[PDB]
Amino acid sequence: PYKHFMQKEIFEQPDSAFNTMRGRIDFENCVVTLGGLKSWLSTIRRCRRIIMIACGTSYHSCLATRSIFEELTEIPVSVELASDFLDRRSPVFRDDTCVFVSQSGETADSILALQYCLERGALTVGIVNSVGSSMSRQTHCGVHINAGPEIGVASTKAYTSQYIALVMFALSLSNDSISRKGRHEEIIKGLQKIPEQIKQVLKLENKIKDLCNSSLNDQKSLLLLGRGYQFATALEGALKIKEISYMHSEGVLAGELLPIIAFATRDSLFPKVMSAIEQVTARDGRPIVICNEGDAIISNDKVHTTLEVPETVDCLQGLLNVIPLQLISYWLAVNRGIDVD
């Protein structure tokens, strides 16, 4: 009963998030098992550093999980846009583990980056959706994310499934640490609840439809403010708004230096986020605030819109925070007469 494949795929996320984890997480014993990697983990872990390489929304899923990889593994992790990585002729060597994220497994720049790394003797790992695609075959090992086919022209469920697979990879790499056992358990217990929480967040759609019916839909640009874990969410929202809604958007690191969406969930509620919000409300700017259920980020003596989402484990919050942006980008396009498919 969906208008477009994009809307269908947004609403499939409870199922795709569940399918990504299926048969890979023992939620009772708190054990992650990635069959595709299991013989390789000890080698993956013995590298000088990890380089995540991807394009577009897949590059965003790398940004969204970089912190949790560095936290859990204590291996340096850098995140590269495949085209820029190639542009700079970035040296890579036998001691590098290069992790390629791609829904299609066919993106030309990701393929060229893969071949470049392979030629230089690096160990390569694919986080891929299309089973047996080029990137899937040509990487040494990997995880098929099992999101199902993506027929929309923009990444929705691929993003949240990539992000989950990447978190499972980080957990897998760090499964031998006693000191990080509590953190592992917390994240694993949080993952179990994500699919039902995504269902809850999808219930924002009517509020989001009301917002996109407003003069929000005739704006020439929309800025998204975020920091920490939620900066990747800001960049991904802005990509979706440009690509889907044909509206200019920019994801801005909040407070570092027209409608505004600010991420103010607890995981990323920094003093600089508060002061950036306060700057907008000082000029009576009417921001749209994504925050956790029950938190009053702005008092009622300032006009603002709130989009409340469940609180999850800090490094998983982006899984839920992205959903309203996917929905906004979709409804803005529909109100603007755009066929998003």
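Heads up: residue numbers just count along the shown sequence, starting at 1.
Compared against other deposited entries of this protein, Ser249 counts as consistently modelled, with coordinates in all of those that resolve the residues around it and thus below the third mark. In every other compared PDB entry of this protein that covers both flanking sides, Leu223 is modelled, so it falls short of the one-third threshold for missing coordinates. According to the entry, the deposited sequence places 10 or more unmodelled residues between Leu257 and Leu258. Checked against the record, the higher mean CA B factor of 105-113 and 227-235 lies with 105-113. For the segment pair 195-203 and 217-225, the entry gives 217-225 the higher mean B-factor, averaged over Cα atoms.
Comparing the C-alpha B-factors of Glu308, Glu70, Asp26, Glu311 in the entry, the top value falls on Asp26. Of the residues listed, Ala64, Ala282, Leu316, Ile50, the entry assigns the biggest Cα temperature factor to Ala282. The deposited CA B-factor of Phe270 belongs to the middle third of values across its chain. When the CA B factors of the chain's modelled residues are split into thirds, the value for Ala54 lands in the lowest one.
Sorting the modelled residues of the chain by their CA temperature factor places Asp210 in the middle third.
In the PDB entry, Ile44 places in the highest third of its chain by CA B-factor. Among the modelled residues of its chain, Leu34 has a C-alpha B-factor that falls in the middle third, as given in the PDB entry.
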